[PDB]
2 protein chains.
Amino acid sequence: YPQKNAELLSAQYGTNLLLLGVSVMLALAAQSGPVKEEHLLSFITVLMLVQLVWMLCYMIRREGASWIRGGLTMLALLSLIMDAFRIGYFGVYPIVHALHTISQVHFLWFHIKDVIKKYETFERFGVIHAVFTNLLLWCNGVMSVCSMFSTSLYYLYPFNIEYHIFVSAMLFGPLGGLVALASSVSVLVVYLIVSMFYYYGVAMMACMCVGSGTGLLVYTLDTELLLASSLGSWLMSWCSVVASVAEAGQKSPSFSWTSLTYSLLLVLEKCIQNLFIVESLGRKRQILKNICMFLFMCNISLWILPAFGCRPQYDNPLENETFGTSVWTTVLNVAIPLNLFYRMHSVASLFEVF
Amino acid sequence: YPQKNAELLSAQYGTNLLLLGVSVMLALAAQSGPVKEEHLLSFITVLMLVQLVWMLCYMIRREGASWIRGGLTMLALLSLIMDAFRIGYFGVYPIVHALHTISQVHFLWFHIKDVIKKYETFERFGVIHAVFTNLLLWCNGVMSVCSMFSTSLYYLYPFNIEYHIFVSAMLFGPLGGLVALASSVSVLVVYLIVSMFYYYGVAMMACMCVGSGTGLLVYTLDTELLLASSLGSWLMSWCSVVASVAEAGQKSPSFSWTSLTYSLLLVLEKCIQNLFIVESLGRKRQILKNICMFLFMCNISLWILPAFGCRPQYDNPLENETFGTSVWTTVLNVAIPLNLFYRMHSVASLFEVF
Ligand SMILES: CC(C)CCC[C@@H](C)[C@H]1CC[C@H]2[C@@H]3CC=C4C[C@@H](OC(=O)CCC(=O)O)CC[C@]4(C)[C@H]3CC[C@]12C
Ligand SMILES: CC(C)CCC[C@@H](C)[C@H]1CC[C@H]2[C@@H]3CC=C4C[C@@H](OC(=O)CCC(=O)O)CC[C@]4(C)[C@H]3CC[C@]12C
Ligand SMILES: CC(C)CCC[C@@H](C)[C@H]1CC[C@H]2[C@@H]3CC=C4C[C@@H](OC(=O)CCC(=O)O)CC[C@]4(C)[C@H]3CC[C@]12C
Ligand SMILES: CC(C)CCC[C@@H](C)[C@H]1CC[C@H]2[C@@H]3CC=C4C[C@@H](OC(=O)CCC(=O)O)CC[C@]4(C)[C@H]3CC[C@]12C
Ligand SMILES: CC(C)CCC[C@@H](C)[C@H]1CC[C@H]2[C@@H]3CC[C@@H]4C[C@@H](O)CC[C@]4(C)[C@H]3CC[C@]12C
Ligand SMILES: CC(C)CCC[C@@H](C)[C@H]1CC[C@H]2[C@@H]3CC[C@@H]4C[C@@H](O)CC[C@]4(C)[C@H]3CC[C@]12C
Ligand SMILES: CC(C)CCC[C@@H](C)[C@H]1CC[C@H]2[C@@H]3CC[C@@H]4C[C@@H](O)CC[C@]4(C)[C@H]3CC[C@]12C
Ligand SMILES: CC(C)CCC[C@@H](C)[C@H]1CC[C@H]2[C@@H]3CC[C@@H]4C[C@@H](O)CC[C@]4(C)[C@H]3CC[C@]12C
């Protein structure tokens, strides 16, 4: 049997798998009579069950990496406690999801590395199924003692979405840094006990742009992953830029050239850092070392801030009136958990450079 | 200067170019105060002007293929008369668009082939700009004597969108066939002078599936283009399948197992034909020849039918109540002009096989 056809036929299966999801999601976004949320939960439940069964059949037949695995396991633990909370609240979906999570963690830990290397068409259909089950659970995620459950679900939400992003992915000077690490926590605490976030972010992004530009002046999977994760922040930034300029057209002190500069600096920071990292992969070596140090000790600060819930973007009245509550909320729900992945990738890459 | 960075930096530019569009489109879909349609028209007008200027600078510095060029030129002629009608109705956009169309046609005809071969960073930024200007004009297209203008704009609409698809692309037995060619016109005329369309399509897709399957039993850019264009019909089909099943849950004779079979056959037909074509690229040779003949003389029939305006899908009350008028309309607006590209590609490929 020619094996190229398996790549094509499986690929067609995979895209039909995604497109069926889109159809059921579209019929749900419309909030029409015939399609209810339970139909989407049933659908994906059926896809997880199919996956589990595939893994069981595989086990029957068989009669950098450290950072990736650590991130995967910790995200899995958070996505599993997310289900412990859902199950505690009361349906069926959180149980199949918990089983799926446990399965994925185990398979990725022990087999995806080299066991799968020797393969034919069974694995080619299995992997595509897993990729489009995860990449469709991220869709469902993004779309979707009462205060105890609400608080825990809030804090765990970006980690469940990031979990799905991370699994999708796999299946398919120094003094300023050290001060910044303490400042991140200080900003978080004072926020919990708005404008400080934007001022901190602008100052931090300007310093990062200067550092990375200096490093460039002194001078394929990683580049693609950096760009793929960068798109979340780029979308969020351009939404803020469009709303800020549109309001700036009329008489309004809303923007105060602080949300526009912030958004443009975020775009510039990412566009420069991606090149610095890609290029990195006698007296000048020390400054390059200081650049690598100051940069990842800064990356961590901007990764802790959204990770611990200080995110003020959901409370912005400008881009909610401009884009709509559900649209702006969804855009933030996409950009935030992907940004939490990008920053860790950046830290690990800069560390390995150093 | 290292040239790899140009690929990365230009790529970042290109995706930011797309994301800015998305932001302005999102602020427009919301139909909020600050963003009007004129801001989107101004935006893209600015991008075309930039492109034109790029081409002028390029000309200053310089001090299968037949089917592709023919399709491009005829689509350009239809997209240009589209502007002749818009200009006749009265702003600025149709004039810049006409200039853009004339530019593209000329550049693609004489230079894109080999003149650009010798290049550095100017061309790398130029091509990405052109790709994301066209691939964003397709977005605007899809979203958007009065009866004379309405009639002409209706008939020319799929050809303007297909024009943008085609340009995006480039920048980045026998007796049954002969009868089918006459039947396509007969069906078109009787439709203009509904159920016949669905019965014809079901009969035709079942015959195509049998032919292609038989050919497979007897036994990289083209495969990717076939899949990329197939996704339009796959989305449209899964929308019909989801709405049909959801209605089938309740007591309803709407589906009548004619829209569900049609949609599933369309998916199967495409999934089998894509493999037949990819595999194709003593006594059994004659049947294979008959298969190639019967198939492209059938492909043409299903390409003439939507091309000449017999498309009844816009009048479906089921998938408009199920998905919403604007959503179902948009889905058809995507699937139809892409399907018109797929079928021509299929005919040209089968012809070359024969
Ligand atoms: C890298 C490749 C394999 C995937 C590319 C990312 C996808 C996961 C993205 C691409 C476009 C996205 C889709 C864009 C638009 C919509 C429409 C949206 O429907 C709406 O609610 C709009 C208004 C309405 O219809 O109510 C629901 C999510 C969905 C299907 C999307 C979910 C995420 C998708 C599939
Ligand atoms: C990588 C490149 C080449 C692809 C670029 C595609 C992105 C620009 C897409 C992918 C995900 C999309 C988003 C995914 C889903 C939605 C859902 C939609 O929200 C709704 O569900 C409708 C509101 C309601 O619930 O009524 C608004 C559009 C938005 C934010 C989409 C906007 C466009 C995005 C960012
Ligand atoms: C092959 C690569 C380079 C591109 C992939 C195809 C894109 C051209 C597609 C992918 C997802 C699509 C987007 C999906 C979702 C939306 C949301 C949509 O906004 C809505 O109207 C939803 C509800 C609302 O917000 O009112 C407008 C079109 C847009 C931006 C899309 C336009 C076409 C996009 C960018
Ligand atoms: C190639 C693979 C890996 C990517 C799959 C992405 C598709 C599933 C995306 C690309 C284009 C998207 C469509 C582009 C734009 C819209 C606009 C949106 O319509 C609106 O503008 C909102 C209605 C209003 O105007 O109020 C509804 C979703 C829809 C049909 C999107 C549904 C999801 C689609 C088909
Ligand atoms: C990885 C895991 C083993 C340890 C850390 C992950 C955290 C996200 C988890 C671990 C246990 C969780 C806590 C237990 C229950 C709590 C209810 C209420 O009072 C506010 C949130 C509340 C205090 C939770 C916040 C998030 C926590 C702290
Ligand atoms: C690798 C990475 C994915 C791990 C992330 C772990 C964090 C999400 C965990 C670690 C410890 C947790 C905190 C401890 C208890 C806290 C008190 C109460 O107000 C609820 C939030 C509260 C402040 C928690 C927020 C989430 C934290 C910060
Ligand atoms: C390529 C081009 C040179 C020739 C064919 C392309 C067609 C899509 C174009 C050519 C001229 C166009 C016609 C001229 C004006 C007409 C107004 C009204 O009575 C109904 C539509 C109306 C009759 C148009 C239909 C579409 C036509 C027929
Ligand atoms: C290569 C490909 C992109 C070329 C497509 C050309 C067609 C769109 C053109 C060719 C001739 C045109 C027809 C001639 C006049 C017609 C009478 C009136 O009722 C308006 C529609 C009317 C029936 C036209 C529909 C569009 C046609 C069929």
# chains A, B, ... in the order shown; residues from 1 in each chain; ligands from 1

$ residues_near_ligand --ligand "ligand 4" --cutoff "8 Å" --atoms "only C-alpha atoms and all ligand atoms" --output "short mmCIF file (atom, residue, chain, number, x, y, z; two decimals) with N, CA and C atoms, in the first residue's frame"
data_model
loop_
_atom_site.label_atom_id
_atom_site.label_comp_id
_atom_site.auth_asym_id
_atom_site.auth_seq_id
_atom_site.Cartn_x
_atom_site.Cartn_y
_atom_site.Cartn_z
N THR A 15 -8.82 17.65 8.59
CA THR A 15 -9.46 18.94 8.38
C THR A 15 -10.97 18.80 8.42
N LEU A 18 -11.81 19.05 12.00
CA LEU A 18 -11.86 20.43 12.47
C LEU A 18 -13.11 21.12 11.94
N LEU A 19 -13.44 20.92 10.66
CA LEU A 19 -14.57 21.65 10.07
C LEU A 19 -15.90 21.24 10.67
N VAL A 22 -16.26 23.29 13.67
CA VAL A 22 -16.59 24.67 13.36
C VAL A 22 -18.08 24.78 13.11
N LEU A 26 -20.44 27.07 15.08
CA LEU A 26 -21.16 28.19 14.47
C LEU A 26 -22.63 28.15 14.82
N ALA B 29 -17.29 44.78 12.25
CA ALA B 29 -18.34 43.78 12.48
C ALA B 29 -19.20 44.16 13.67
N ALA B 30 -18.57 44.68 14.73
CA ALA B 30 -19.29 45.12 15.92
C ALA B 30 -20.30 46.22 15.60
N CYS B 139 -10.92 39.05 2.19
CA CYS B 139 -11.72 39.21 3.40
C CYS B 139 -12.78 40.27 3.18
N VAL B 142 -15.51 39.02 0.83
CA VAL B 142 -16.43 38.07 1.45
C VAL B 142 -17.41 38.78 2.37
N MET B 143 -16.96 39.77 3.14
CA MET B 143 -17.89 40.42 4.07
C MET B 143 -18.96 41.19 3.30
N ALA B 228 -6.52 23.02 -0.19
CA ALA B 228 -6.83 24.37 0.25
C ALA B 228 -8.14 24.83 -0.36
N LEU B 231 -11.40 22.88 1.10
CA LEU B 231 -11.94 23.25 2.41
C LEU B 231 -13.19 24.12 2.31
N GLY B 232 -13.37 24.88 1.23
CA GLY B 232 -14.56 25.71 1.11
C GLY B 232 -15.82 24.86 1.06
N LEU B 235 -16.43 22.93 4.44
CA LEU B 235 -17.12 23.74 5.44
C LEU B 235 -18.60 23.86 5.11
N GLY B 324 -28.00 31.61 11.09
CA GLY B 324 -28.14 33.05 10.99
C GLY B 324 -27.96 33.49 9.55
N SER B 326 -26.60 36.23 8.21
CA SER B 326 -25.29 36.76 7.84
C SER B 326 -24.19 35.70 7.91
N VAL B 327 -24.35 34.70 8.78
CA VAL B 327 -23.32 33.67 8.91
C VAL B 327 -23.44 32.68 7.77
N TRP B 328 -24.66 32.21 7.49
CA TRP B 328 -24.83 31.26 6.40
C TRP B 328 -24.46 31.92 5.08
N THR B 330 -22.30 34.34 4.61
CA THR B 330 -20.85 34.44 4.53
C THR B 330 -20.22 33.09 4.18
N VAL B 331 -20.72 32.01 4.80
CA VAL B 331 -20.16 30.69 4.52
C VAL B 331 -20.33 30.35 3.05
N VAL B 334 -17.89 32.24 0.94
CA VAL B 334 -16.54 31.66 0.94
C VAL B 334 -16.49 30.42 0.07
#

$ closest_atom_pairs --of "chain A" --to "chain B" --cutoff "6 Å" --atoms "only C-alpha atoms" --output "Markdown table"
| residue | atom | partner | partner_atom | distance |
| --- | --- | --- | --- | --- |
| A:19 | CA | B:235 | CA | 5.7 |
| A:20 | CA | B:238 | CA | 5.6 |
| A:23 | CA | B:239 | CA | 5.0 |
| A:27 | CA | B:323 | CA | 5.0 |
| A:30 | CA | B:323 | CA | 5.7 |
| A:32 | CA | B:322 | CA | 5.8 |
| A:34 | CA | B:246 | CA | 5.5 |
| A:235 | CA | B:19 | CA | 5.7 |
| A:238 | CA | B:20 | CA | 5.6 |
| A:239 | CA | B:23 | CA | 5.0 |
| A:246 | CA | B:34 | CA | 5.5 |
| A:322 | CA | B:32 | CA | 5.8 |
| A:323 | CA | B:27 | CA | 5.0 |

$ residues_around --residues "segment 166-183 of chain B" --least-positions-apart "2" --cutoff "10 Å" --atoms "only C-alpha atoms" --output "ChimeraX atom specification"
/B:68-69,71-72,75-76,101,104-105,108,112,127-138,159-164,185-189,200,204,207,211,225,228,287,289-302,304-305,337-338,341

$ closest_residue --among "B:191, B:208, B:348, B:114" --to "residue 306 of chain B" --atoms "only C-alpha atoms"
B:191

$ residues_around --residues "residue 265 of chain A" --least-positions-apart "2" --cutoff "9 Å" --atoms "only C-alpha atoms" --output "list in words"
residues 202, 205, 206, 209, 260, 261, 262, 263, 267, 268, 269 and 270 of chain A

$ closest_residue --among "A:70, A:317, A:158, A:201" --to "residue 109 of chain A" --atoms "only C-alpha atoms"
A:70

$ residues_near_ligand --ligand "ligand 7" --cutoff "6 Å" --atoms "only C-alpha atoms and all ligand atoms" --output "list in words"
residues 77, 148, 151 and 152 of chain B

$ atom_distance --atom1 "atom CA of residue 350 of chain B" --atom2 "atom CA of residue 73 of chain B"
22.0 Å

$ closest_residue --among "A:84, A:37, A:190, A:121" --to "residue 1 of chain A" --atoms "only C-alpha atoms"
A:121

$ atom_distance --atom1 "atom CA of residue 147 of chain A" --atom2 "atom 24 (C, counted along the ligand's line) of ligand 5"
11.3 Å

$ atom_distance --atom1 "atom CA of residue 86 of chain A" --atom2 "atom CA of residue 42 of chain A"
16.2 Å

$ decode --residues "segment 143-261 of chain A" --atoms "C-alpha atoms" --output "PDB file, in the first residue's frame"
ATOM      1  CA  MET A 143     -15.368  30.354  23.899  1.00  0.00           C
ATOM      2  CA  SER A 144     -16.354  29.306  27.425  1.00  0.00           C
ATOM      3  CA  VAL A 145     -19.584  28.388  48.049  1.00  0.00           C
ATOM      4  CA  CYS A 146     -20.173  29.852  44.584  1.00  0.00           C
ATOM      5  CA  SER A 147     -17.371  32.373  45.115  1.00  0.00           C
ATOM      6  CA  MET A 148     -14.939  29.563  45.933  1.00  0.00           C
ATOM      7  CA  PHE A 149     -15.587  27.765  42.665  1.00  0.00           C
ATOM      8  CA  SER A 150     -15.620  31.034  40.718  1.00  0.00           C
ATOM      9  CA  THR A 151     -12.278  32.103  42.219  1.00  0.00           C
ATOM     10  CA  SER A 152     -10.572  28.778  41.537  1.00  0.00           C
ATOM     11  CA  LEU A 153     -11.949  28.510  38.003  1.00  0.00           C
ATOM     12  CA  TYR A 154     -10.781  32.064  37.301  1.00  0.00           C
ATOM     13  CA  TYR A 155      -7.231  31.420  38.440  1.00  0.00           C
ATOM     14  CA  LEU A 156      -7.025  28.046  36.653  1.00  0.00           C
ATOM     15  CA  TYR A 157      -8.618  29.180  33.351  1.00  0.00           C
ATOM     16  CA  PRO A 158      -5.469  30.427  31.505  1.00  0.00           C
ATOM     17  CA  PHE A 159      -3.648  27.252  32.505  1.00  0.00           C
ATOM     18  CA  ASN A 160      -6.297  24.953  31.047  1.00  0.00           C
ATOM     19  CA  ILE A 161      -6.256  26.851  27.776  1.00  0.00           C
ATOM     20  CA  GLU A 162      -2.459  26.974  27.769  1.00  0.00           C
ATOM     21  CA  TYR A 163      -2.477  23.221  28.486  1.00  0.00           C
ATOM     22  CA  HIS A 164      -4.427  22.674  25.287  1.00  0.00           C
ATOM     23  CA  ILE A 165      -2.083  25.004  23.379  1.00  0.00           C
ATOM     24  CA  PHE A 166       1.005  23.219  24.687  1.00  0.00           C
ATOM     25  CA  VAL A 167      -0.311  19.742  23.876  1.00  0.00           C
ATOM     26  CA  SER A 168      -1.390  20.920  20.405  1.00  0.00           C
ATOM     27  CA  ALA A 169       2.138  22.243  19.874  1.00  0.00           C
ATOM     28  CA  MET A 170       3.918  19.033  20.890  1.00  0.00           C
ATOM     29  CA  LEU A 171       1.608  16.680  18.965  1.00  0.00           C
ATOM     30  CA  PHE A 172       1.888  18.625  15.698  1.00  0.00           C
ATOM     31  CA  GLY A 173      22.022  44.430  33.344  1.00  0.00           C
ATOM     32  CA  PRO A 174      21.689  41.611  35.903  1.00  0.00           C
ATOM     33  CA  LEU A 175      20.792  44.092  38.644  1.00  0.00           C
ATOM     34  CA  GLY A 176      17.835  45.393  36.658  1.00  0.00           C
ATOM     35  CA  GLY A 177      16.665  41.831  36.143  1.00  0.00           C
ATOM     36  CA  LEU A 178      16.921  40.943  39.827  1.00  0.00           C
ATOM     37  CA  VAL A 179      15.073  44.131  40.794  1.00  0.00           C
ATOM     38  CA  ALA A 180      12.398  43.464  38.147  1.00  0.00           C
ATOM     39  CA  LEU A 181      11.770  40.020  39.651  1.00  0.00           C
ATOM     40  CA  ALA A 182      10.805  41.648  42.961  1.00  0.00           C
ATOM     41  CA  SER A 183       8.945  44.477  41.241  1.00  0.00           C
ATOM     42  CA  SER A 184       6.655  42.018  39.450  1.00  0.00           C
ATOM     43  CA  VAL A 185       5.420  40.697  42.796  1.00  0.00           C
ATOM     44  CA  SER A 186       5.179  44.214  44.231  1.00  0.00           C
ATOM     45  CA  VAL A 187       3.016  45.308  41.276  1.00  0.00           C
ATOM     46  CA  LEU A 188       0.824  42.215  41.661  1.00  0.00           C
ATOM     47  CA  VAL A 189       0.274  42.832  45.375  1.00  0.00           C
ATOM     48  CA  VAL A 190      -0.490  46.539  45.036  1.00  0.00           C
ATOM     49  CA  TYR A 191      -2.866  45.827  42.137  1.00  0.00           C
ATOM     50  CA  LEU A 192      -4.722  43.310  44.305  1.00  0.00           C
ATOM     51  CA  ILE A 193      -4.359  45.570  47.379  1.00  0.00           C
ATOM     52  CA  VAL A 194      -4.496  49.580  37.093  1.00  0.00           C
ATOM     53  CA  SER A 195      -2.352  52.489  35.900  1.00  0.00           C
ATOM     54  CA  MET A 196       0.695  50.960  37.590  1.00  0.00           C
ATOM     55  CA  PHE A 197       0.357  47.948  35.292  1.00  0.00           C
ATOM     56  CA  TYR A 198       0.449  50.080  32.148  1.00  0.00           C
ATOM     57  CA  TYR A 199       3.314  52.255  33.390  1.00  0.00           C
ATOM     58  CA  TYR A 200       5.328  49.199  34.430  1.00  0.00           C
ATOM     59  CA  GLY A 201       4.675  47.496  31.109  1.00  0.00           C
ATOM     60  CA  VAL A 202       5.681  50.543  29.066  1.00  0.00           C
ATOM     61  CA  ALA A 203       8.908  51.022  31.038  1.00  0.00           C
ATOM     62  CA  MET A 204       9.714  47.316  30.832  1.00  0.00           C
ATOM     63  CA  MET A 205       9.023  46.976  27.134  1.00  0.00           C
ATOM     64  CA  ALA A 206      11.111  50.049  26.319  1.00  0.00           C
ATOM     65  CA  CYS A 207      14.027  48.595  28.277  1.00  0.00           C
ATOM     66  CA  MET A 208      13.620  45.209  26.577  1.00  0.00           C
ATOM     67  CA  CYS A 209      13.594  46.868  23.147  1.00  0.00           C
ATOM     68  CA  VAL A 210      16.810  48.726  23.966  1.00  0.00           C
ATOM     69  CA  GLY A 211      18.510  45.575  25.256  1.00  0.00           C
ATOM     70  CA  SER A 212      17.540  43.397  22.301  1.00  0.00           C
ATOM     71  CA  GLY A 213      18.392  46.117  19.783  1.00  0.00           C
ATOM     72  CA  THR A 214      21.804  46.538  21.388  1.00  0.00           C
ATOM     73  CA  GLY A 215      22.390  42.798  21.143  1.00  0.00           C
ATOM     74  CA  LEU A 216      21.465  42.815  17.458  1.00  0.00           C
ATOM     75  CA  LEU A 217      23.843  45.732  16.872  1.00  0.00           C
ATOM     76  CA  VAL A 218      26.690  43.803  18.514  1.00  0.00           C
ATOM     77  CA  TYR A 219      26.086  40.990  16.017  1.00  0.00           C
ATOM     78  CA  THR A 220      13.757  26.206  12.296  1.00  0.00           C
ATOM     79  CA  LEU A 221      11.108  24.929  14.735  1.00  0.00           C
ATOM     80  CA  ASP A 222      11.973  27.478  17.423  1.00  0.00           C
ATOM     81  CA  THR A 223      11.431  30.441  15.100  1.00  0.00           C
ATOM     82  CA  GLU A 224       8.052  29.120  13.968  1.00  0.00           C
ATOM     83  CA  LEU A 225       6.906  28.446  17.529  1.00  0.00           C
ATOM     84  CA  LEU A 226       7.966  31.947  18.580  1.00  0.00           C
ATOM     85  CA  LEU A 227       5.998  33.510  15.722  1.00  0.00           C
ATOM     86  CA  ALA A 228       2.964  31.288  16.288  1.00  0.00           C
ATOM     87  CA  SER A 229       2.798  32.318  19.922  1.00  0.00           C
ATOM     88  CA  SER A 230       3.642  35.967  19.178  1.00  0.00           C
ATOM     89  CA  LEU A 231       0.484  36.313  17.081  1.00  0.00           C
ATOM     90  CA  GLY A 232      -1.673  36.316  20.230  1.00  0.00           C
ATOM     91  CA  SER A 233      -0.091  39.465  21.599  1.00  0.00           C
ATOM     92  CA  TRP A 234       0.085  41.020  18.144  1.00  0.00           C
ATOM     93  CA  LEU A 235      -3.673  40.626  17.680  1.00  0.00           C
ATOM     94  CA  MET A 236      -4.357  42.008  21.167  1.00  0.00           C
ATOM     95  CA  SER A 237      -2.041  44.954  20.524  1.00  0.00           C
ATOM     96  CA  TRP A 238      -3.559  45.840  17.158  1.00  0.00           C
ATOM     97  CA  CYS A 239      -7.023  45.748  18.728  1.00  0.00           C
ATOM     98  CA  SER A 240      -5.864  48.251  21.327  1.00  0.00           C
ATOM     99  CA  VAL A 241      -4.137  50.389  18.658  1.00  0.00           C
ATOM    100  CA  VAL A 242      -7.215  50.535  16.412  1.00  0.00           C
ATOM    101  CA  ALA A 243      -9.542  51.405  19.283  1.00  0.00           C
ATOM    102  CA  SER A 244      -7.079  53.978  20.644  1.00  0.00           C
ATOM    103  CA  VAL A 245      -6.640  55.728  17.287  1.00  0.00           C
ATOM    104  CA  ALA A 246     -10.374  55.644  16.519  1.00  0.00           C
ATOM    105  CA  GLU A 247     -11.102  57.282  19.869  1.00  0.00           C
ATOM    106  CA  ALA A 248      -8.177  59.699  19.405  1.00  0.00           C
ATOM    107  CA  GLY A 249      -9.959  60.969  16.300  1.00  0.00           C
ATOM    108  CA  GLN A 250     -12.608  62.523  18.545  1.00  0.00           C
ATOM    109  CA  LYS A 251     -11.993  64.717  21.592  1.00  0.00           C
ATOM    110  CA  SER A 252     -11.137  62.166  24.288  1.00  0.00           C
ATOM    111  CA  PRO A 253      -8.401  61.851  26.979  1.00  0.00           C
ATOM    112  CA  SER A 254      -8.940  58.064  27.210  1.00  0.00           C
ATOM    113  CA  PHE A 255      -5.821  56.977  25.310  1.00  0.00           C
ATOM    114  CA  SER A 256      -3.451  59.446  27.057  1.00  0.00           C
ATOM    115  CA  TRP A 257      -0.701  58.069  24.739  1.00  0.00           C
ATOM    116  CA  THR A 258      -0.150  55.256  27.265  1.00  0.00           C
ATOM    117  CA  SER A 259      -2.208  52.416  25.758  1.00  0.00           C
ATOM    118  CA  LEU A 260      -1.028  53.244  22.226  1.00  0.00           C
ATOM    119  CA  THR A 261       2.639  53.409  23.185  1.00  0.00           C
TER     120      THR A 261
END
